[PDB]
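These notes are about the structure you will find just below.
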Amino acid sequence: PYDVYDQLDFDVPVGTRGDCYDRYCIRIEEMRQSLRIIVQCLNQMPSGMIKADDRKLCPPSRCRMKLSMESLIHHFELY
Amino acid sequence: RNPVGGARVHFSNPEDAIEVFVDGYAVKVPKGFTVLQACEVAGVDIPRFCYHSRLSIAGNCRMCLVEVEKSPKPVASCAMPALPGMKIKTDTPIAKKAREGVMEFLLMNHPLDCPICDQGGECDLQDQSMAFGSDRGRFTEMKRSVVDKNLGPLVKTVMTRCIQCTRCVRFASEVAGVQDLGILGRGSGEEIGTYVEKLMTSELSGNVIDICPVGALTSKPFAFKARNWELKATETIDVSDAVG
Amino acid sequence: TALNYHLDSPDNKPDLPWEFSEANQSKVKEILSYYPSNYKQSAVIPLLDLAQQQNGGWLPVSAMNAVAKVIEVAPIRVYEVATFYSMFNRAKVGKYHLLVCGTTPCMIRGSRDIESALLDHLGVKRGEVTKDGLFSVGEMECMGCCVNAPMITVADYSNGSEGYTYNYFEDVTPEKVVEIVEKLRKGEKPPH
Amino acid sequence: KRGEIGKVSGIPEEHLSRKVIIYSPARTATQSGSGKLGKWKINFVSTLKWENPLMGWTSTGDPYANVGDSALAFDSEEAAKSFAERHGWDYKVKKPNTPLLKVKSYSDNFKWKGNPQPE
Amino acid sequence: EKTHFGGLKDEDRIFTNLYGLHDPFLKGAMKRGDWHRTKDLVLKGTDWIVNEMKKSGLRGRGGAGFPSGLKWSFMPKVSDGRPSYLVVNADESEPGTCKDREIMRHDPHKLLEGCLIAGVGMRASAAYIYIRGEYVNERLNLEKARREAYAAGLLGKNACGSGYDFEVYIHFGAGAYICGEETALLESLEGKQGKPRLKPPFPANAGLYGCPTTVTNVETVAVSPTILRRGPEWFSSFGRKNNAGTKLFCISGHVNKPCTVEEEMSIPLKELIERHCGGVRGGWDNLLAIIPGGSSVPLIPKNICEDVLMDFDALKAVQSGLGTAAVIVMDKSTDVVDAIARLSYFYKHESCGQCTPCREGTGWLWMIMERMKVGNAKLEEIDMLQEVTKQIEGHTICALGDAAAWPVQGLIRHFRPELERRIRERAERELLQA
Amino acid sequence: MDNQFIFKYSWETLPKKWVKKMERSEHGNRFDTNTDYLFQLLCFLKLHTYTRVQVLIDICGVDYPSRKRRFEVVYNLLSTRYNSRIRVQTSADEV
Amino acid sequence: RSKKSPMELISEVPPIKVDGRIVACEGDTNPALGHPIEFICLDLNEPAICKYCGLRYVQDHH
Amino acid sequence: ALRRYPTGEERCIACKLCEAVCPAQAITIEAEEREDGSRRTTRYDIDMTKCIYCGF
Ligand SMILES: Cc1cc2nc3c(=O)[nH]c(=O)nc-3n(C[C@H](O)[C@H](O)[C@H](O)COP(=O)(O)O)c2cc1C
Ligand code: SF4
Ligand code: SF4
Ligand code: SF4
Ligand code: SF4
Ligand code: FES
Ligand code: FES
Ligand SMILES: [Zn+2]
């Protein structure tokens with residue numbers, strides 16, 4: 001598991017004959033379960049920031065690059 | 001390990017050679033080397049702003065501060081002579097906290113004009129700020145500013161970006177031989193200039209563009225033409241004179 | 001308006017010549033006799049202050065060049081020395097430069113209620129010489145424990161290097177400053 | 001030159017007879033850092049460029065216009081020499097110029113001139 | 001006694017004529033006792049003088065508090081061609097200091113004899129007295145005393161008729177507070193900008209003109225000729241064990257009758273204030289804070305002003321300093337934040353601007369202090385003050401950065417409730433306005 | 001099952017003359033072997049009960065012009081039964 | 001007025017009167033929509049030019 | 001689109017920070033010092049046949 005996939009509830013569809021029809025039923029079920037995961041993500045999405053705070057690896061805010069010297073240096077070096 | 005930049009240490013005699021521990025590594029240096037030079041022999045490259053190997057030592061910027069065991073306060077490695085048995089420490093929290101303090105002080109009155117600075121992709125200030133500096137600035141008050149002065153048709157001058165390392169003054173006094181440039185004033189209001197309106201007439205006056213670690217001194221003919229990353233570097237020789 | 005650079009003006013420009021005096025050459029020799037002949041640069045401050053006294057309380061760019069010639073250094077060194085120290089006036093001060101605004105210890109006892117009264121009495125801003133050319137206003141360097149906070153320093157450049165006197169006056173009322181300035185205008189010197 | 005690898009590589013025969021320079025790029029004069037040092041590069045001496053007469057862009061017809069600067073880098077002189085030897089390129093080696101650490105002390109700024117000599 | 005440290009009889013005082021009641025020139029100097037058998041003191045050898053100074057336990061009176069005899073022992077004993085120099089540091093520019101001026105305008109010959117004695121004890125060939133530039137009248141008085149000394153043969157070739165050749169010169173500054181520092185003074189005296197040097201080259205090996213030299217305060221130099229004559233055992237019998245002697249105090253601030261007085265080295269601060277000077281204005285209850293030793297040293301609140309000894313070590317254990325021993329008494333009728341902000345402005349104005357932490361840190365400290373002077377700051381700004389002060393301390397070339405950082409730390413250490421109170425009060429006047 | 005278990009098991013069970021470099025980290029447990037033992041190692045790692053690696057994810061090459069053996073061939077492997085990944089690398093020149 | 005180049009257009013805007021010795025230029029009324037902050041020292045006789053905007057600032061009284 | 005200030009001055013300062021981030025190398029910029037001394041572009045051309053419209 002990666003990201004928050006281990007905090008979400010969804011089933012894994014498994015086939016029985018291996019033919020083209022099972023690949024289709026599973027391709028239906030994987031999309032119903034994707035709808036389920038989307039609903040859970042919408043309901044449980046928290047508040048906060050959307051990027052890592054290590055601005056040595058992430059771009060500064062456009063209001064901070066035009067107001068702080070180190071933020072402008074980080075922007076210049078990153079871009 | 002090898003010295004930084006393949007530097008060659010000339011031992012006049014094997015007898016006059018002290019031993020130091022740069023990071024727990026045994027390093028042999030002649031009597032007379034400084035802590036910074038001893039670290040350079042041991043492959044460790046210390047940050048520097050005001051130290052130039054061809055200019056006299058002047059511990060202004062306080063950026064090369066390291067930790068010495070028998071020292072209550074960090075020492076300027078550029079000026080501190082190496083002693084036998086001395087244990088230097090460069091990657092300790094003390095040396096770090098000193099370096100992010102000094103970078104924070106240096107980037108406090110510096111203008112927010114990296115995009116228009118001709119030193120954009122080749123500045124020592126921002127390169128060391130990324131590496132040895134911090135991430136967030138705590139300064140919000142009004143910065144200082146100075147007017148720009150004409151030094152001739154070769155050196156473009158934007159003195160708001162000066163970090164006051166006095167390398168240009170030392171070069172003019174020692175290497176160029178034409179004493180026309182100096183540090184004027186006292187305190188945060190100190191400025192580099194000629195006081196009177198005069199132009200740099202030395203034949204070696206253009207070398208102040210390179211010794212300047214920031215974009216305070218830049219070439220006027222090569223103003224805004226291109227950035228360093230756009231340029232292909234060819235190692236060639238001179239044909240203008242017989243020096244080559 | 002203390003600036004770290006010089007703009008050429010009719011009053012002070014490098015073209016104007018400046019030697020000391022017939023009377024002041026003995027002082028120049030005596031000053032230079034205190035240091036080894038190979039270290040004549042060490043006599044830059046006692047020569048710059050002498051030039052300031054002789055010229056009338058201020059240092060034109062010609063005086064700095066003359067001092068550089070006397071001590072045989074580049075004129076940039078003399079500019080560096082003159083700009084660093086706060087007792088060297090590079091602008092043009094009046095005949096009796098008056099030093100008013102205080103420092104840390106004195107304001108606890110009230111040193112910042114003395115400047116405006118005089119400023120509006122003589123009616124020109126700080127660093128501006130009156131029309132007749134007698135008086136000027138500047139910031140003092142407080143010298144002692146400052147028991148009597150309202151102190152004013154009177155730099156006298158009327159008689160040049162022969163009648164220059166640097167006095168501190170203690171406990172001077174915002175109207176007693178007017179009294180002492182009126183006394184100075186006539187010519188008499190108040191006691192301290 | 002045993003340029004057998006050049007023959008079994010796929011490089012056209014015209015580009016296998018190029019003359020290259022093996023050198024170690026030096027430190028730039030505008031920076032005091034010494035991080036981009038110790039790496040060896042092969043310079044193909046690709047200078048045949050011109051100007052596009054529609055937009056002023058720089059046109060070229062040399063495939064080895066940026067290879068030695070972008071991708072082909074070596075950690076030592078021997079590696080670059082072996083690479084050139086196996087690819088059949090006529091090479092010349094430029095030894096790098098290295099700085100010499102002299103004795104410098106802060107006290108030399110403040111040195112006695114000597115007794116005043118009336119010479 | 002050891003239990004009762006304080007109170008000098010008029011006989012045991014060193015600086016007689018400290019009030020200007022008698023002639024300060026050569027006549028009074030000889031009648032008072034100056035220049036008395038100085039030939040005997042110089043004809044007893046350099047080593048003997050240093051031994052006596054070491055036995056007397058004379059710590060430096062310039063603020064640092066370094067033992068004088070051990071400092072003099074650092075001078076070269078064999079001349080290698082470089083002449084040795086003595087430099088008397090008379091450039092007192094600290095606010096609220098009145099000592100060296102009173103010494104050189106009332107006892108010039110004590111200073112001259114001290115220069116001669118110290119030059120003999122350090123094998124120095126010349127002495128430069130560096131006077132503050134504002135002391136024009138004091139400079140003229142010292143020059144007249146120098147002329148009188150030279151005319152009487154007490155100085156110059158064959159000083160006091162003893163074979164020692166000592167020359168005394170009077171250099172003066174031009175209004176810079178940094179020029180009082182040991183190496184910045186040497187820079188100023190060499191004809192350059194008064195910017196301090198780095199320490200690894202020590203003045204005892206490379207000082208004035210690249211030659212070995214020693215920089216000493218006026219008080220340390222002035223008491224030297226009388227320690228030898230009266231006896232180190234007499235001098236060492238005042239004050240505590242390690243730090244002993246008699247030191248001048250310029251008591252100022254909110255006290256009834258501020259004055260300058262000489263008292264034992266271990267005089268209690270409360271007894272000092274309430275005995276020589278009057279009681280604190282409005283009583284000892286009105287007391288709020290005392291600056292122990294001038295601008296450089298940190299602050300001490302009332303609770304620890306009780307039973308504190310005015311010592312180099314006692315005040316240091318209280319995380320303050322004796323400094324120049326110039327107390328500045330502050331009552332509850334003064335805003336301490338205003339005072340500390342003004343100290344920040346003074347240190348911003350007097351920084352030479354050579355090294356990065358002091359050139360920029362002092363200005364940043366002043367701006368933050370000005371903002372908090374009216375509460376125009378957040379509660380999380382006080383910690384940034386501590387961080388900035390710790391970033392300034394220990395990274396500067398000289399001790400002016402430390403002296404510019406200590407007052408803020410003292411304010412934060414004993415008056416944080418006041419800063420938070422005014423910040424909250426400002427915030428309330430903003431929430432209740434719009 | 002895990003990098004801590006697979007490393008210790010393969011240390012003991014594998015013939016020593018096959019593998020000459022064993023890095024154990026969080027980026028991936030790697031095995032570096034000679035080119036004349038690659039098939040033997042991969043056949044052992046496909047049939048052994050406790051190291052049932054039945055999926056070959058991909059085969060990639062990496063070019064190192066500064067090395068004598070210029071090319072590095074990497075075999076990323078996957079074991080579905082024990083939920084573990086193994087990476088096996090060899091080195092070969094142009095001929 | 002396409003005949004006027006941006007140089008001639010920025011050369012026609014009168015300099016802004018500032019009372020103090022220093023002014024901060026951001027380039028727009030909303031700081032986030034302009035150029036990085038630029039502090040300009042007004043201690044000369046000629047108007048001082050912003051290196052981003054081209055706007056000129058001159059000291060008002062002294 | 002290249003924007004200009006409300007005063008009529010073009011906002012581009014020839015920093016070439018967009019030419020170095022362009023993943024498709026679709027931008028070519030030539031700059032020099034203008035008669036006023038300001039840092040401006042003489043040539044600023046974009047290849048829309050190379051542009052990937054990424055917004056970098
Ligand atoms: C900023 C600064 C100013 C100083 N001002 C003085 C001064 O005015 N007088 C003085 O005796 N020492 C002053 N000192 C201390 C000097 O270092 C002094 O010469 C040295 O401590 C020797 O003092 P001593 O004579 O007591 O041994 C100052 C130090 C600093 C850092
Ligand atoms: S000198 Fe360096 S940090 Fe300063 S504006 Fe120019 S590129 Fe940026
Ligand atoms: S102009 Fe450049 S070299 Fe000269 S002091 Fe300033 S930053 Fe240093
Ligand atoms: S701490 Fe301040 S006064 Fe001392 S050298 Fe540094 S800048 Fe100058
Ligand atoms: S060169 Fe590109 S990034 Fe720089 S100002 Fe012009 S459009 Fe913007
Ligand atoms: S490089 Fe040593 S203090 Fe600047
Ligand atoms: S503040 Fe001016 S003499 Fe006291
Ligand atoms: Zn602007």
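Ligands are numbered from 1 in the order shown, chains are lettered A, B, ... in the order of the structure tokens, and residues start at 1 in each chain.
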Can you work out which residues are within 7 Å of ligand 6, considering only C-alpha atoms and all ligand atoms, and then hand them over as a CSV table (one decimal) with N, CA and C atoms, in the first residue's frame?
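The file below, result.csv, is the result:
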```csv
chain,number,residue,atom,x,y,z
B,47,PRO,N,32.6,27.1,3.7
B,47,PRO,CA,32.0,28.3,3.0
B,47,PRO,C,32.8,29.5,3.3
B,48,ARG,N,32.8,30.4,2.3
B,48,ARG,CA,33.6,31.6,2.4
B,48,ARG,C,33.0,32.7,1.6
B,49,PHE,N,33.1,33.9,2.0
B,49,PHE,CA,32.6,35.1,1.3
B,49,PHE,C,33.7,36.1,1.1
B,50,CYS,N,34.5,36.4,2.1
B,50,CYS,CA,35.5,37.4,2.1
B,50,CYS,C,36.9,36.9,1.9
B,51,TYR,N,37.1,35.6,2.0
B,51,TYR,CA,38.4,35.0,1.9
B,51,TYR,C,38.7,34.7,0.4
B,58,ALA,N,41.0,38.7,5.9
B,58,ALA,CA,40.2,39.7,6.6
B,58,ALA,C,38.9,39.0,7.0
B,59,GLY,N,38.8,38.6,8.3
B,59,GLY,CA,37.6,37.8,8.7
B,59,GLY,C,36.4,38.6,8.9
B,60,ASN,N,35.8,39.1,7.8
B,60,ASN,CA,34.6,40.0,7.9
B,60,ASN,C,33.3,39.2,7.9
B,61,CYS,N,33.0,38.3,6.9
B,61,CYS,CA,31.7,37.8,6.7
B,61,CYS,C,31.3,36.8,7.9
B,62,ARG,N,32.3,36.3,8.6
B,62,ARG,CA,32.1,35.3,9.6
B,62,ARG,C,31.4,34.0,9.2
B,63,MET,N,31.6,33.7,7.9
B,63,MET,CA,30.9,32.5,7.3
B,63,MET,C,31.6,31.2,7.5
B,64,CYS,N,33.0,31.3,7.7
B,64,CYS,CA,33.8,30.1,7.8
B,64,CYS,C,34.0,29.6,9.2
B,65,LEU,N,33.0,30.0,10.1
B,65,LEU,CA,33.2,29.6,11.5
B,65,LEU,C,33.1,28.1,11.7
B,76,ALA,N,37.1,31.7,13.3
B,76,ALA,CA,37.2,32.0,11.9
B,76,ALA,C,38.3,31.2,11.3
B,77,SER,N,37.9,30.1,10.5
B,77,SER,CA,38.9,29.2,10.0
B,77,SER,C,39.8,29.9,8.9
B,78,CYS,N,39.4,31.0,8.3
B,78,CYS,CA,40.3,31.7,7.4
B,78,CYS,C,41.5,32.3,8.0
B,79,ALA,N,41.3,32.8,9.3
B,79,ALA,CA,42.4,33.5,9.9
B,79,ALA,C,43.0,32.7,11.1
```
If you count only C-alpha atoms and all ligand atoms, which residues end up within 9 Å of ligand 1, as a count of residues only? 51
Once you count only C-alpha atoms, which residues of chain H turn out to be within 12 Å of chain G? Could you give them as a ChimeraX atom specification? /H:3-15,33-41
Which residues are near residue 205 (chain E)? Cut-off 12 Å, only C-alpha atoms, ignore same chain within fewer than 2 positions. Put them as a ChimeraX atom specification. /D:107,110-112 /E:74-77,79-80,82-85,199-203,207-214
Polymer residues at most 10 Å from residue 135 (chain C), only C-alpha atoms, same-chain spacing of 6 or more positions, as a ChimeraX atom specification: /C:93-98,122,124,127-129,154-156,181,184-185
